[PDB]
$ cat target_12.cif   # mmCIF, C-alpha atoms and all ligand atoms
data_structure
loop_
_atom_site.label_atom_id
_atom_site.label_comp_id
_atom_site.auth_asym_id
_atom_site.auth_seq_id
_atom_site.Cartn_x
_atom_site.Cartn_y
_atom_site.Cartn_z
CA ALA A 1 117.70 108.55 113.67
CA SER A 2 120.91 110.44 114.47
CA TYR A 3 123.18 112.62 112.33
CA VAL A 4 126.68 114.00 112.81
CA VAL A 5 126.48 117.56 111.53
CA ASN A 6 129.86 119.19 110.88
CA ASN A 7 131.25 122.38 109.37
CA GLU A 8 133.99 120.98 107.12
CA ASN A 9 135.77 124.33 106.66
CA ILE A 10 139.39 123.89 107.73
CA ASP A 11 140.16 127.63 108.10
CA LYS A 12 140.02 128.19 111.86
CA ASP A 13 139.37 131.91 111.23
CA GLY A 14 136.49 131.19 108.83
CA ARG A 15 132.90 132.39 109.01
CA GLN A 16 129.82 130.98 110.71
CA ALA A 17 128.14 128.47 108.39
CA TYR A 18 124.35 128.13 108.23
CA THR A 19 123.05 124.63 109.00
CA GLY A 20 119.84 125.03 107.01
CA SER A 21 116.18 125.94 107.39
CA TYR A 22 113.49 123.68 108.85
CA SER A 23 176.68 124.86 142.15
CA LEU A 24 173.75 123.54 144.14
CA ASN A 25 171.96 126.25 146.17
CA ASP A 26 173.06 128.99 143.79
CA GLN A 27 170.55 131.85 143.48
CA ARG A 28 168.95 133.29 140.36
CA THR A 29 166.16 135.78 139.84
CA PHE A 30 163.58 134.98 137.16
CA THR A 31 160.74 136.97 135.70
CA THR A 32 157.42 135.29 136.52
CA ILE A 33 153.83 136.36 135.80
CA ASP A 34 151.14 137.25 138.32
CA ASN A 35 148.26 135.61 136.49
CA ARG A 36 145.69 137.56 138.50
CA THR A 37 146.88 140.79 136.83
CA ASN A 38 149.10 139.53 133.95
CA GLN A 39 151.88 141.71 135.36
CA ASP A 40 155.50 140.60 135.30
CA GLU A 41 157.16 140.18 138.67
CA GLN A 42 160.41 138.79 140.04
CA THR A 43 160.98 135.42 141.69
CA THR A 44 164.30 134.42 143.22
CA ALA A 45 164.99 130.69 143.12
CA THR A 46 167.57 128.23 144.41
CA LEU A 47 169.31 125.60 142.29
CA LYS A 48 168.41 122.16 143.65
CA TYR A 49 169.21 119.76 140.81
CA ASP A 50 171.86 120.15 138.11
CA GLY A 51 171.63 117.07 135.91
CA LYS A 52 172.32 116.04 132.34
CA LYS A 53 169.48 117.89 130.62
CA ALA A 54 167.62 119.78 133.35
CA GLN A 55 168.32 122.25 136.11
CA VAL A 56 165.60 122.38 138.76
CA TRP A 57 165.22 125.83 140.33
CA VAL A 58 162.96 125.99 143.38
CA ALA A 59 161.16 129.07 144.73
CA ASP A 60 158.66 127.37 147.06
CA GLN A 61 160.14 126.82 150.52
CA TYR A 62 157.78 123.93 151.28
CA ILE A 63 159.59 121.83 148.61
CA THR A 64 162.46 119.67 149.88
CA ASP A 65 165.79 119.00 148.17
CA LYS A 66 164.79 115.35 147.67
CA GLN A 67 161.56 116.37 145.96
CA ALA A 68 163.48 118.65 143.60
CA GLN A 69 165.95 115.85 142.88
CA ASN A 70 163.06 113.48 142.13
CA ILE A 71 161.68 115.98 139.61
CA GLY A 72 165.07 116.43 137.97
CA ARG A 73 165.76 112.71 137.72
CA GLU A 74 162.31 112.06 136.27
CA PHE A 75 162.98 114.65 133.59
CA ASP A 76 166.48 113.34 132.79
CA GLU A 77 165.52 109.65 132.89
CA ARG A 78 162.04 109.58 131.39
CA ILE A 79 160.65 112.90 130.14
CA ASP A 80 163.54 114.12 128.03
CA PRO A 81 164.07 110.81 126.16
CA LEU A 82 160.33 110.50 125.57
CA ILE A 83 160.08 113.97 124.10
CA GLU A 84 163.33 113.91 122.11
CA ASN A 85 162.57 110.51 120.59
CA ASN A 86 158.95 111.24 119.69
CA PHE A 87 158.55 115.01 119.33
CA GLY A 88 161.74 117.06 119.09
CA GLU A 89 164.60 118.81 120.77
CA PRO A 90 164.88 122.17 122.55
CA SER A 91 166.63 125.30 121.47
CA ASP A 92 169.69 126.36 123.49
CA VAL A 93 169.67 130.16 123.41
CA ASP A 94 171.83 130.36 126.55
CA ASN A 95 174.38 127.83 125.21
CA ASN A 96 174.31 125.61 128.30
CA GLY A 97 173.03 122.26 127.06
CA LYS A 98 170.17 122.19 129.56
CA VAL A 99 166.68 123.43 130.28
CA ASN A 100 165.46 125.18 133.41
CA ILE A 101 162.50 123.81 135.38
CA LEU A 102 161.25 126.54 137.74
CA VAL A 103 159.24 124.83 140.48
CA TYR A 104 157.25 127.35 142.52
CA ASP A 105 153.72 128.41 143.52
CA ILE A 106 152.37 129.82 140.25
CA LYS A 107 150.37 132.90 141.20
CA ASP A 108 146.71 132.80 140.12
CA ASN A 109 143.16 133.10 141.45
CA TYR A 110 142.75 129.54 142.73
CA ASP A 111 141.96 130.74 146.27
CA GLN A 112 138.90 132.62 144.93
CA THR A 113 137.69 130.42 142.06
CA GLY A 114 139.06 126.89 142.49
CA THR A 115 140.72 127.05 139.05
CA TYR A 116 144.51 126.87 138.99
CA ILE A 117 147.40 126.89 136.54
CA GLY A 118 149.61 123.79 136.61
CA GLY A 119 152.41 124.96 134.38
CA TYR A 120 153.31 126.72 131.20
CA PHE A 121 155.91 127.59 128.58
CA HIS A 122 156.37 131.12 127.20
CA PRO A 123 158.24 131.58 123.88
CA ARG A 124 159.26 135.13 124.86
CA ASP A 125 161.93 133.46 127.04
CA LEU A 126 163.71 132.40 123.82
CA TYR A 127 164.23 136.04 122.75
CA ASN A 128 165.76 139.33 123.90
CA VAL A 129 162.46 140.99 124.81
CA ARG A 130 160.63 142.44 127.78
CA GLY A 131 160.11 139.87 130.52
CA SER A 132 162.37 137.25 128.96
CA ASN A 133 164.57 134.97 131.05
CA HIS A 134 166.64 134.32 127.93
CA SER A 135 166.72 130.58 128.44
CA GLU A 136 164.87 127.37 127.86
CA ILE A 137 162.62 127.39 130.90
CA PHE A 138 159.21 126.10 131.79
CA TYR A 139 157.20 126.91 134.87
CA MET A 140 155.75 124.23 137.16
CA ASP A 141 153.25 124.84 139.93
CA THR A 142 153.50 123.43 143.44
CA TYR A 143 150.30 124.47 145.21
CA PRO A 144 147.66 123.18 144.49
CA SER A 145 148.97 121.13 141.56
CA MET A 146 150.82 118.80 143.95
CA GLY A 147 147.94 118.77 146.43
CA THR A 148 146.24 121.12 148.84
CA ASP A 149 148.30 120.18 151.92
CA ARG A 150 151.52 122.19 151.72
CA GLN A 151 153.09 119.86 154.30
CA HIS A 152 152.54 116.84 152.03
CA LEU A 153 152.91 118.02 148.47
CA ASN A 154 153.20 115.09 146.06
CA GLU A 155 155.68 116.09 143.40
CA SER A 156 154.93 113.10 141.17
CA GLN A 157 151.54 114.68 140.36
CA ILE A 158 153.33 117.15 138.09
CA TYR A 159 155.35 114.65 136.04
CA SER A 160 152.97 114.35 133.08
CA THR A 161 152.82 118.16 132.99
CA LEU A 162 156.61 118.12 132.54
CA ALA A 163 156.06 116.25 129.29
CA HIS A 164 153.21 118.59 128.29
CA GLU A 165 155.39 121.70 128.68
CA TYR A 166 158.52 120.18 127.18
CA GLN A 167 156.51 119.30 124.05
CA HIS A 168 155.54 122.95 123.75
CA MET A 169 159.21 123.91 124.09
CA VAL A 170 160.54 121.58 121.38
CA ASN A 171 157.61 122.35 119.06
CA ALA A 172 158.53 126.03 119.35
CA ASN A 173 162.19 125.27 118.62
CA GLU A 174 161.39 123.43 115.39
CA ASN A 175 158.79 125.87 114.10
CA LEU A 176 160.27 129.19 115.33
CA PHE A 177 164.00 128.55 114.92
CA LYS A 178 164.72 125.57 112.66
CA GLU A 179 162.26 126.30 109.81
CA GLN A 180 162.29 129.16 107.30
CA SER A 181 158.66 130.14 107.98
CA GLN A 182 159.25 130.79 111.72
CA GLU A 183 155.47 130.38 112.23
CA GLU A 184 154.14 128.53 115.26
CA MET A 185 151.98 125.45 114.84
CA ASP A 186 148.28 126.25 115.15
CA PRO A 187 147.56 126.18 118.92
CA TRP A 188 144.84 123.53 118.74
CA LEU A 189 147.34 121.00 117.33
CA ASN A 190 150.25 122.14 119.51
CA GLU A 191 148.09 121.48 122.57
CA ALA A 192 146.95 118.17 121.05
CA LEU A 193 150.56 117.03 120.75
CA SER A 194 151.32 118.08 124.33
CA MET A 195 148.42 115.90 125.51
CA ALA A 196 149.59 113.04 123.27
CA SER A 197 152.94 113.21 125.08
CA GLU A 198 151.15 113.02 128.45
CA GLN A 199 149.35 109.83 127.36
CA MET A 200 152.64 108.38 126.16
CA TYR A 201 154.33 109.26 129.45
CA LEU A 202 151.52 107.82 131.58
CA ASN A 203 150.94 104.81 129.31
CA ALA A 204 147.27 105.48 130.02
CA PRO A 205 144.42 107.56 128.58
CA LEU A 206 143.66 111.04 129.88
CA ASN A 207 140.37 110.04 131.47
CA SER A 208 139.74 113.50 132.93
CA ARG A 209 139.83 114.94 129.39
CA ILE A 210 137.31 112.30 128.30
CA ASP A 211 135.10 113.00 131.33
CA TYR A 212 135.17 116.69 130.45
CA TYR A 213 134.25 115.89 126.84
CA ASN A 214 131.32 113.78 128.05
CA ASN A 215 129.86 116.56 130.21
CA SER A 216 130.59 119.61 128.06
CA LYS A 217 127.56 121.57 126.94
CA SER A 218 129.68 123.66 124.57
CA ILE A 219 130.91 120.52 122.77
CA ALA A 220 127.36 119.19 122.54
CA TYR A 221 126.25 122.43 120.86
CA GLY A 222 129.07 122.69 118.34
CA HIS A 223 132.38 123.72 119.94
CA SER A 224 135.11 124.02 117.33
CA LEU A 225 138.07 121.64 117.13
CA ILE A 226 140.32 124.26 115.50
CA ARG A 227 139.14 127.67 116.75
CA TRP A 228 140.70 128.03 120.19
CA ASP A 229 138.16 129.55 122.63
CA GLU A 230 140.65 131.58 124.66
CA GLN A 231 138.05 133.68 126.44
CA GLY A 232 135.40 131.01 126.89
CA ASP A 233 135.30 127.25 127.53
CA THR A 234 138.96 126.50 126.79
CA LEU A 235 138.72 123.11 128.54
CA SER A 236 136.44 121.98 125.71
CA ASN A 237 139.26 122.69 123.23
CA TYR A 238 141.71 120.67 125.32
CA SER A 239 139.33 117.71 125.23
CA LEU A 240 138.66 117.95 121.47
CA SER A 241 142.38 118.37 120.65
CA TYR A 242 143.28 115.34 122.76
CA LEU A 243 140.69 113.08 121.14
CA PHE A 244 141.66 114.20 117.65
CA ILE A 245 145.37 113.51 118.03
CA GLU A 246 144.54 110.08 119.49
CA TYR A 247 142.23 109.43 116.52
CA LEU A 248 145.07 110.31 114.13
CA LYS A 249 147.42 108.07 116.14
CA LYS A 250 145.06 105.11 115.71
CA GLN A 251 144.29 105.82 112.03
CA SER A 252 147.96 106.28 111.09
CA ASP A 253 149.87 103.19 109.98
CA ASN A 254 152.92 104.45 111.94
CA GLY A 255 151.00 105.37 115.09
CA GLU A 256 152.95 107.57 117.46
CA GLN A 257 155.67 108.15 114.87
CA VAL A 258 153.30 110.57 113.10
CA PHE A 259 153.73 113.13 115.90
CA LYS A 260 157.29 114.14 115.03
CA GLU A 261 156.43 114.23 111.33
CA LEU A 262 153.69 116.77 112.04
CA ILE A 263 156.13 118.99 113.95
CA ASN A 264 158.93 118.73 111.41
CA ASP A 265 156.76 119.16 108.29
CA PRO A 266 157.84 122.47 106.71
CA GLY A 267 154.27 123.37 105.73
CA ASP A 268 151.58 125.06 107.76
CA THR A 269 149.52 123.02 110.18
CA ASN A 270 146.79 121.95 107.77
CA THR A 271 149.43 121.00 105.17
CA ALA A 272 151.28 118.90 107.75
CA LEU A 273 148.07 117.11 108.70
CA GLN A 274 147.05 116.58 105.07
CA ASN A 275 150.48 115.11 104.32
CA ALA A 276 150.25 112.76 107.30
CA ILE A 277 146.79 111.58 106.23
CA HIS A 278 147.92 110.95 102.64
CA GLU A 279 151.11 109.12 103.68
CA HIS A 280 149.80 107.11 106.61
CA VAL A 281 145.97 106.88 106.43
CA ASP A 282 144.53 107.13 102.89
CA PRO A 283 146.06 108.88 99.84
CA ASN A 284 142.68 110.12 98.58
CA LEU A 285 141.26 111.41 101.89
CA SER A 286 141.03 115.15 102.49
CA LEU A 287 141.74 116.76 105.83
CA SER A 288 138.20 118.13 105.92
CA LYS A 289 136.67 114.67 105.50
CA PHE A 290 139.14 113.12 107.98
CA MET A 291 137.89 115.62 110.56
CA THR A 292 134.27 114.72 109.82
CA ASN A 293 135.23 111.03 110.13
CA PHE A 294 136.78 111.88 113.52
CA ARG A 295 133.42 113.19 114.73
CA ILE A 296 131.66 110.07 113.44
CA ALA A 297 134.29 107.87 115.12
CA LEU A 298 133.56 109.43 118.52
CA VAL A 299 129.95 108.23 118.14
CA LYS A 300 130.39 104.79 116.56
CA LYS A 301 133.85 103.71 117.72
CA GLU A 302 133.85 100.98 115.10
CA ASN A 303 136.46 98.41 115.89
CA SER A 304 137.83 98.85 112.35
CA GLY A 305 137.88 101.48 109.61
CA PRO A 306 137.64 105.29 109.71
CA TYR A 307 134.60 105.45 112.03
CA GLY A 308 136.37 104.42 115.19
CA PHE A 309 139.58 104.16 117.17
CA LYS A 310 140.51 100.66 115.89
CA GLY A 311 138.74 99.18 118.89
CA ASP A 312 141.26 100.68 121.34
CA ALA A 313 139.67 100.35 124.78
CA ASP A 314 141.24 103.64 125.92
CA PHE A 315 138.39 105.46 124.17
CA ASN A 316 135.36 103.27 124.86
CA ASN A 317 133.90 105.65 127.50
CA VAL A 318 133.70 108.58 125.06
CA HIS A 319 130.02 109.39 124.59
CA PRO A 320 128.95 112.28 122.37
CA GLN A 321 125.82 113.92 123.73
CA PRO A 322 122.95 114.13 121.22
CA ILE A 323 120.85 117.26 120.92
CA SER A 324 117.37 117.90 119.61
CA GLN A 325 117.84 121.29 117.95
CA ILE A 326 120.75 121.99 115.60
CA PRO A 327 122.31 125.44 116.12
CA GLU A 328 121.56 127.90 113.32
CA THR A 329 125.29 128.14 112.55
CA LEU A 330 128.44 126.13 113.21
CA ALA A 331 131.97 127.44 113.42
CA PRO A 332 134.73 125.81 111.31
CA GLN A 333 135.03 122.22 112.50
CA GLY A 334 132.24 122.68 115.00
CA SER A 335 129.99 119.64 115.13
CA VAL A 336 126.84 118.35 116.81
CA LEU A 337 125.09 114.99 117.10
CA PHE A 338 121.44 115.51 116.17
CA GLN A 339 118.78 112.94 117.01
CA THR A 340 115.16 112.91 115.86
CA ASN A 341 112.41 110.30 115.94
CA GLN A 342 110.51 111.94 113.05
CA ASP A 343 111.16 111.93 109.32
CA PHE A 344 114.10 114.10 108.44
CA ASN A 345 115.35 115.70 105.25
CA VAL A 346 118.71 117.46 105.02
CA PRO A 347 117.96 121.15 104.35
CA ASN A 348 118.65 122.20 100.78
CA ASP A 349 119.69 125.72 101.85
CA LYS A 350 122.49 124.68 104.21
CA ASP A 351 125.88 126.20 103.53
CA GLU A 352 128.03 123.98 101.33
CA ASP A 353 130.58 123.47 104.10
CA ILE A 354 127.93 121.86 106.37
CA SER A 355 127.82 118.07 106.08
CA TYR A 356 125.10 115.80 107.47
CA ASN A 357 126.20 112.21 108.14
CA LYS A 358 123.63 109.64 109.19
CA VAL A 359 124.89 107.46 112.02
CA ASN A 360 121.99 105.16 112.87
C1 LIG B 401 149.01 123.12 130.77
AS1 LIG B 401 149.36 124.50 129.41
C2 LIG B 401 148.86 126.25 130.10
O1 LIG B 401 151.06 124.40 128.98
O2 LIG B 401 148.47 124.26 128.04
CA CA B 402 169.60 125.92 127.46
CA CA B 403 149.81 127.99 142.47
CA CA B 404 156.91 122.41 111.08
ZN ZN B 405 149.61 123.23 126.69
#

$ encode --input "target_12.cif" --output "structure tokens"
Amino acid sequence: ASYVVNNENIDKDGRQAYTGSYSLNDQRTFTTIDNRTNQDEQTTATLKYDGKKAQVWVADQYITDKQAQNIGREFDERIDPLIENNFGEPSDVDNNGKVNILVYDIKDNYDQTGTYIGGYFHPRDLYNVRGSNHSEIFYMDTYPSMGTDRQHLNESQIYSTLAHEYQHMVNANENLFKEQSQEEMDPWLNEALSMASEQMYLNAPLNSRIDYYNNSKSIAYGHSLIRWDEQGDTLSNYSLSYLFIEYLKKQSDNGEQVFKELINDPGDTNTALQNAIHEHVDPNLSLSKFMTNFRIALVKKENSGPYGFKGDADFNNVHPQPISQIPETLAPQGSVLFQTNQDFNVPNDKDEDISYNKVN
């Protein structure tokens, strides 16, 4: 027998719950971040593309003009329409109608660890504060994101990351500047939506995120969907966020159109999700139960109903790893798949937020 065990608390900051007893070539200097030390530093870049919606600034001398033009055209022709039609629009704090794409070798510890940063967006750039470039800008890595041969960097490897970062930018605009609350979306769902935009751009599933899900020990032993593990196994959060937003896409009667509704909802993140579920999934289904159903769907993948992804083949290789010993506690929206071949009774002293759901 197997059971999906979930902490149904939707407060990401909630407590541990007990599971029970048993001109071209112009120059500009930008602030960048040395991610080995988190110190600000200065990077001078050259303008290599000046298009309708994007300016491509280059500060890696191995990148050619044609490569920079390819990046700019991809943004103007494909990324910007995708994001504006399905997610939102950027701020324009510098009043120029465009966004900056700074293409350079993001500084990190890849040489020592093999882990690298591909790109990022920093909301401080939208304000008059220390380190700000006072512009819509996102930062795109060259080496090793485009490959490990600096003589043959493949710029098209970064294109889906363009969508990822632009989603962060327009999400920030809506929630920080266009809404009274000026409160960011909860990071787990902001990242989810960035990864949804990557899948839309690629017209293909993010198989590396699924592979990571399938091999993650932290996920198998209860990693939280909503508590973002900044200091620990952050890749597990990326994988859970991605699968959740794809689950919502498949469960929603308006599919990908739900993404912009989540961003533009004036409520907090859980309110936005609850509204989407009530309007597009089931008017009597709570967010907490929808999230439990998500965990069940990863296991069963039923070709119809709440316990799957509507048979979408993009998700057929997802395989939750069962465990034999349930952790003593689970974080909010942390879940495990428990299997036993002996008789099993749900503990009567489990915390009320812990739900046991028999699979098979
Ligand atoms: C790829 As990122 C650092 O914008 O989540
Ligand atoms: Ca601008
Ligand atoms: Ca780099
Ligand atoms: Ca909002
Ligand atoms: Zn992101």

$ residues_around --input "target_12.cif" --residues "residue 197 of chain A" --least-positions-apart "6" --cutoff "9 Å" --atoms "all atoms listed in the file" --output "ChimeraX atom specification"
/A:82-83,86-87,160,163-164,167

$ residues_near_ligand --input "target_12.cif" --ligand "ligand LIG 401 (chain B)" --cutoff "6 Å" --atoms "all atoms listed in the file" --output "VMD selection string"
chain A and resid 118 to 121 165

$ residues_near_ligand --input "target_12.cif" --ligand "ligand CA 404 (chain B)" --cutoff "7 Å" --atoms "all atoms listed in the file" --output "list in words"
residues 174, 175, 179, 185, 262, 263, 264, 265, 266, 267 and 268 of chain A

$ write_last_selection --input "target_12.cif" --atoms "C-alpha atoms" --output "short mmCIF file (atom, residue, chain, number, x, y, z; two decimals), in the coordinates of the input"
data_model
loop_
_atom_site.label_atom_id
_atom_site.label_comp_id
_atom_site.auth_asym_id
_atom_site.auth_seq_id
_atom_site.Cartn_x
_atom_site.Cartn_y
_atom_site.Cartn_z
CA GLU A 174 161.39 123.43 115.39
CA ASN A 175 158.79 125.87 114.10
CA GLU A 179 162.26 126.30 109.81
CA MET A 185 151.98 125.45 114.84
CA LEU A 262 153.69 116.77 112.04
CA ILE A 263 156.13 118.99 113.95
CA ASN A 264 158.93 118.73 111.41
CA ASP A 265 156.76 119.16 108.29
CA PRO A 266 157.84 122.47 106.71
CA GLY A 267 154.27 123.37 105.73
CA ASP A 268 151.58 125.06 107.76
#

$ closest_residue --input "target_12.cif" --among "A:206, A:117, A:291, A:192" --to "residue 228 of chain A" --atoms "all atoms listed in the file"
A:192

$ residues_around --input "target_12.cif" --residues "residue 9 of chain A" --least-positions-apart "2" --cutoff "6 Å" --atoms "only C-alpha atoms" --output "PyMOL selection string"
chain A and resi 7+11+332+353

$ residues_near_ligand --input "target_12.cif" --ligand "ligand CA 403 (chain B)" --cutoff "7 Å" --atoms "all atoms listed in the file" --output "MDAnalysis selection string"
chainID A and resid 105:108 116:117 141:145

$ closest_residue --input "target_12.cif" --among "A:138, A:188, A:247, A:104" --to "ligand CA 402 (chain B)" --atoms "only C-alpha atoms and all ligand atoms"
A:138

$ closest_residue --input "target_12.cif" --among "A:89, A:183, A:256, A:302" --to "ligand CA 402 (chain B)" --atoms "only C-alpha atoms and all ligand atoms"
A:89

$ closest_atom_pairs --input "target_12.cif" --of "chain A" --to "ligand CA 402 (chain B)" --cutoff "8 Å" --atoms "only C-alpha atoms and all ligand atoms" --output "JSON lines"
{"residue": "A:90", "atom": "CA", "partner": "B:CA402", "partner_atom": "CA", "distance": 7.8}
{"residue": "A:91", "atom": "CA", "partner": "B:CA402", "partner_atom": "CA", "distance": 6.7}
{"residue": "A:92", "atom": "CA", "partner": "B:CA402", "partner_atom": "CA", "distance": 4.0}
{"residue": "A:93", "atom": "CA", "partner": "B:CA402", "partner_atom": "CA", "distance": 5.9}
{"residue": "A:94", "atom": "CA", "partner": "B:CA402", "partner_atom": "CA", "distance": 5.1}
{"residue": "A:95", "atom": "CA", "partner": "B:CA402", "partner_atom": "CA", "distance": 5.6}
{"residue": "A:96", "atom": "CA", "partner": "B:CA402", "partner_atom": "CA", "distance": 4.8}
{"residue": "A:97", "atom": "CA", "partner": "B:CA402", "partner_atom": "CA", "distance": 5.0}
{"residue": "A:98", "atom": "CA", "partner": "B:CA402", "partner_atom": "CA", "distance": 4.3}
{"residue": "A:99", "atom": "CA", "partner": "B:CA402", "partner_atom": "CA", "distance": 4.8}
{"residue": "A:100", "atom": "CA", "partner": "B:CA402", "partner_atom": "CA", "distance": 7.3}
{"residue": "A:135", "atom": "CA", "partner": "B:CA402", "partner_atom": "CA", "distance": 5.6}
{"residue": "A:136", "atom": "CA", "partner": "B:CA402", "partner_atom": "CA", "distance": 5.0}
{"residue": "A:137", "atom": "CA", "partner": "B:CA402", "partner_atom": "CA", "distance": 7.9}

$ atom_distance --input "target_12.cif" --atom1 "atom CA of residue 207 of chain A" --atom2 "atom CA of residue 297 of chain A"
17.6 Å

$ residues_around --input "target_12.cif" --residues "residue 296 of chain A" --least-positions-apart "3" --cutoff "6 Å" --atoms "all atoms listed in the file" --output "PyMOL selection string"
chain A and resi 293+299+307

$ axis_aligned_box --input "target_12.cif" --around "segment 215-224 of chain A" --padding-each-side "6 Å" --output "AutoDock Vina command-line options"
--center_x 130.7 --center_y 120.3 --center_z 123.8 --size_x 20.9 --size_y 19.5 --size_z 24.9

$ atom_distance --input "target_12.cif" --atom1 "atom CA of residue 225 of chain A" --atom2 "atom CA of residue 10 of chain A"
9.8 Å

$ atom_distance --input "target_12.cif" --atom1 "atom CA of residue 200 of chain A" --atom2 "atom CA of residue 270 of chain A"
23.6 Å

$ residues_around --input "target_12.cif" --residues "segment 273-275 of chain A" --least-positions-apart "4" --cutoff "12 Å" --atoms "all atoms listed in the file" --output "PDB file with C-alpha atoms, in the frame of the given file"
ATOM      1  CA  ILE A  10     139.390 123.890 107.730  1.00  0.00           C
ATOM      2  CA  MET A 185     151.980 125.450 114.840  1.00  0.00           C
ATOM      3  CA  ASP A 186     148.280 126.250 115.150  1.00  0.00           C
ATOM      4  CA  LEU A 189     147.340 121.000 117.330  1.00  0.00           C
ATOM      5  CA  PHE A 244     141.660 114.200 117.650  1.00  0.00           C
ATOM      6  CA  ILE A 245     145.370 113.510 118.030  1.00  0.00           C
ATOM      7  CA  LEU A 248     145.070 110.310 114.130  1.00  0.00           C
ATOM      8  CA  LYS A 249     147.420 108.070 116.140  1.00  0.00           C
ATOM      9  CA  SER A 252     147.960 106.280 111.090  1.00  0.00           C
ATOM     10  CA  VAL A 258     153.300 110.570 113.100  1.00  0.00           C
ATOM     11  CA  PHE A 259     153.730 113.130 115.900  1.00  0.00           C
ATOM     12  CA  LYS A 260     157.290 114.140 115.030  1.00  0.00           C
ATOM     13  CA  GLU A 261     156.430 114.230 111.330  1.00  0.00           C
ATOM     14  CA  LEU A 262     153.690 116.770 112.040  1.00  0.00           C
ATOM     15  CA  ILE A 263     156.130 118.990 113.950  1.00  0.00           C
ATOM     16  CA  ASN A 264     158.930 118.730 111.410  1.00  0.00           C
ATOM     17  CA  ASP A 265     156.760 119.160 108.290  1.00  0.00           C
ATOM     18  CA  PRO A 266     157.840 122.470 106.710  1.00  0.00           C
ATOM     19  CA  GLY A 267     154.270 123.370 105.730  1.00  0.00           C
ATOM     20  CA  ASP A 268     151.580 125.060 107.760  1.00  0.00           C
ATOM     21  CA  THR A 269     149.520 123.020 110.180  1.00  0.00           C
ATOM     22  CA  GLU A 279     151.110 109.120 103.680  1.00  0.00           C
ATOM     23  CA  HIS A 280     149.800 107.110 106.610  1.00  0.00           C
ATOM     24  CA  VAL A 281     145.970 106.880 106.430  1.00  0.00           C
ATOM     25  CA  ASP A 282     144.530 107.130 102.890  1.00  0.00           C
ATOM     26  CA  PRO A 283     146.060 108.880  99.840  1.00  0.00           C
ATOM     27  CA  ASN A 284     142.680 110.120  98.580  1.00  0.00           C
ATOM     28  CA  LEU A 285     141.260 111.410 101.890  1.00  0.00           C
ATOM     29  CA  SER A 286     141.030 115.150 102.490  1.00  0.00           C
ATOM     30  CA  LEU A 287     141.740 116.760 105.830  1.00  0.00           C
ATOM     31  CA  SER A 288     138.200 118.130 105.920  1.00  0.00           C
ATOM     32  CA  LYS A 289     136.670 114.670 105.500  1.00  0.00           C
ATOM     33  CA  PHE A 290     139.140 113.120 107.980  1.00  0.00           C
ATOM     34  CA  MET A 291     137.890 115.620 110.560  1.00  0.00           C
TER      35      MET A 291
END

$ closest_residue --input "target_12.cif" --among "A:320, A:306, A:205, A:222" --to "residue 2 of chain A" --atoms "all atoms listed in the file"
A:320

$ closest_residue --input "target_12.cif" --among "A:198, A:171, A:349, A:53" --to "residue 81 of chain A" --atoms "only C-alpha atoms"
A:53

$ build_atoms --input "target_12.cif" --residues "segment 265-275 of chain A" --atoms "N, CA and C atoms" --output "PDB file, in the coordinates of the input"
ATOM      1  N   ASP A 265     157.227 118.807 109.641  1.00  0.00           N
ATOM      2  CA  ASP A 265     156.760 119.160 108.290  1.00  0.00           C
ATOM      3  C   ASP A 265     156.988 120.643 108.050  1.00  0.00           C
ATOM      4  N   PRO A 266     157.560 121.040 106.910  1.00  0.00           N
ATOM      5  CA  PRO A 266     157.840 122.470 106.710  1.00  0.00           C
ATOM      6  C   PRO A 266     156.608 123.297 106.369  1.00  0.00           C
ATOM      7  N   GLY A 267     155.470 122.660 106.097  1.00  0.00           N
ATOM      8  CA  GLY A 267     154.270 123.370 105.730  1.00  0.00           C
ATOM      9  C   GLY A 267     153.515 123.894 106.931  1.00  0.00           C
ATOM     10  N   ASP A 268     152.424 124.605 106.648  1.00  0.00           N
ATOM     11  CA  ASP A 268     151.580 125.060 107.760  1.00  0.00           C
ATOM     12  C   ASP A 268     150.828 123.865 108.350  1.00  0.00           C
ATOM     13  N   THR A 269     150.051 124.126 109.404  1.00  0.00           N
ATOM     14  CA  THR A 269     149.520 123.020 110.180  1.00  0.00           C
ATOM     15  C   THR A 269     148.598 122.141 109.357  1.00  0.00           C
ATOM     16  N   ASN A 270     147.700 122.750 108.573  1.00  0.00           N
ATOM     17  CA  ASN A 270     146.790 121.950 107.770  1.00  0.00           C
ATOM     18  C   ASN A 270     147.530 121.158 106.683  1.00  0.00           C
ATOM     19  N   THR A 271     148.604 121.722 106.145  1.00  0.00           N
ATOM     20  CA  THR A 271     149.430 121.000 105.170  1.00  0.00           C
ATOM     21  C   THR A 271     150.084 119.798 105.845  1.00  0.00           C
ATOM     22  N   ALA A 272     150.665 120.006 107.029  1.00  0.00           N
ATOM     23  CA  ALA A 272     151.280 118.900 107.750  1.00  0.00           C
ATOM     24  C   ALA A 272     150.291 117.786 108.010  1.00  0.00           C
ATOM     25  N   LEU A 273     149.071 118.128 108.428  1.00  0.00           N
ATOM     26  CA  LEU A 273     148.070 117.110 108.700  1.00  0.00           C
ATOM     27  C   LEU A 273     147.646 116.420 107.409  1.00  0.00           C
ATOM     28  N   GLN A 274     147.451 117.186 106.345  1.00  0.00           N
ATOM     29  CA  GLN A 274     147.050 116.580 105.070  1.00  0.00           C
ATOM     30  C   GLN A 274     148.117 115.611 104.585  1.00  0.00           C
ATOM     31  N   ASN A 275     149.388 115.999 104.708  1.00  0.00           N
ATOM     32  CA  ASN A 275     150.480 115.110 104.320  1.00  0.00           C
ATOM     33  C   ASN A 275     150.480 113.833 105.141  1.00  0.00           C
TER      34      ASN A 275
END
